[PDB]
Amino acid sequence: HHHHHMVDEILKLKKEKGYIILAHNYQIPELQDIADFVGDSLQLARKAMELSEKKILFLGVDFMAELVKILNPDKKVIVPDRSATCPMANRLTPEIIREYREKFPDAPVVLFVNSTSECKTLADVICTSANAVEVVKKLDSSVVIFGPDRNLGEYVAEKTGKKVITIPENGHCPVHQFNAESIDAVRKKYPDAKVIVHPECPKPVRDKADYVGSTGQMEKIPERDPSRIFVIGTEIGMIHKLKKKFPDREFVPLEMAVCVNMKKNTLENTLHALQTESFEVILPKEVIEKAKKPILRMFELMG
């Protein structure tokens, strides 16, 4: 009854106070269901650019809320838990970027969107899981600096044939460290299922999958693949999203994988956020201006 109370009050306050709710794919299902749009980080930031509303309640982690703010600088962006963050992103530092630029000055700095806003001010181009191959393909250089995810960087090297210098050392997402034995098991249990895993997964997992793709790419695979069962190698929130879009398919987690930071957002603190209209995401004007440069370069490459 309190969830119904909270859901009803959340819906009431968002209309009353003029908020659009954007939720990342990895939010708990109860928050996905009250959001106006559910998607990946860049998808939500670009969706916000289209909106006539000027107030956004963002449900994800801090670098994503900040990406919304960078591309929507004149909108008020609030989050329910100001400590929700990406530990992988936080392991890459300005000092490491500057060190590697000095070592490899002819190598463009390609930063995965899962990166701090401060790191973005130092990057030559931003990329996402879905466009990293195309972005690195179109760059002039046969060598790039790439971070913060080593698995994604090595996947890009495989697909482009280019040299990819990854930073920091052992940059990785703990959520996507499935083991390849999980794929061996599902091949036995569901011999006709299609296995889709994220490019942030380790190479033995990527190489055993039917598809490697971002969450956005996962959402599009059943549009062209009629298989009845998909096994999904990413954070558990995506199962809810996929089942909602394709109710006549079955979606099976490769393993249970939970991002603790994504789960910091709850109905209760989401309600608190609408009641208090906090916590506002604020970036210095200078950070927004500098971080926009590699984001626009990414838009330009994607043509």
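In case it trips you up, residue 1 is the first one in the sequence shown, and so on.
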**Report entry** Stretch with the higher entry mean CA B-factor, where the candidates are 56 to 64 and 247 to 255
**Finding:** 247 to 255
Query - Mean Cα B-factor comparison, 118 to 126 or 148 to 156, giving the higher one as deposited - result: 148 to 156
Query - Candidate set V287, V281, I10, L22 [ranked by C-alpha B-factor, highest] - result: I10
Query raised in the report: From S142, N90, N72, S83, which pick has the Cα B-factor that tops the rest in the entry?
Result: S142
Report summary line: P168: C-alpha B-factor third of its chain, per the entry, is the middle
Query raised in the report: Comparing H176 with the other modelled residues of its chain, is its CA B-factor in the lowest, middle or highest third?
Result: middle
Report summary line: By the entry's values, the third containing the CA B factor of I232 is the lowest
Requested in this report: Divide the modelled residues of the chain into thirds by Cα B-factor and specify which third, lowest, middle or highest, holds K76.
Outcome: lowest
Report task. Grab the CA temperature factor for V133 from the record and place it in the lowest, middle or highest third of its chain. Result -> highest
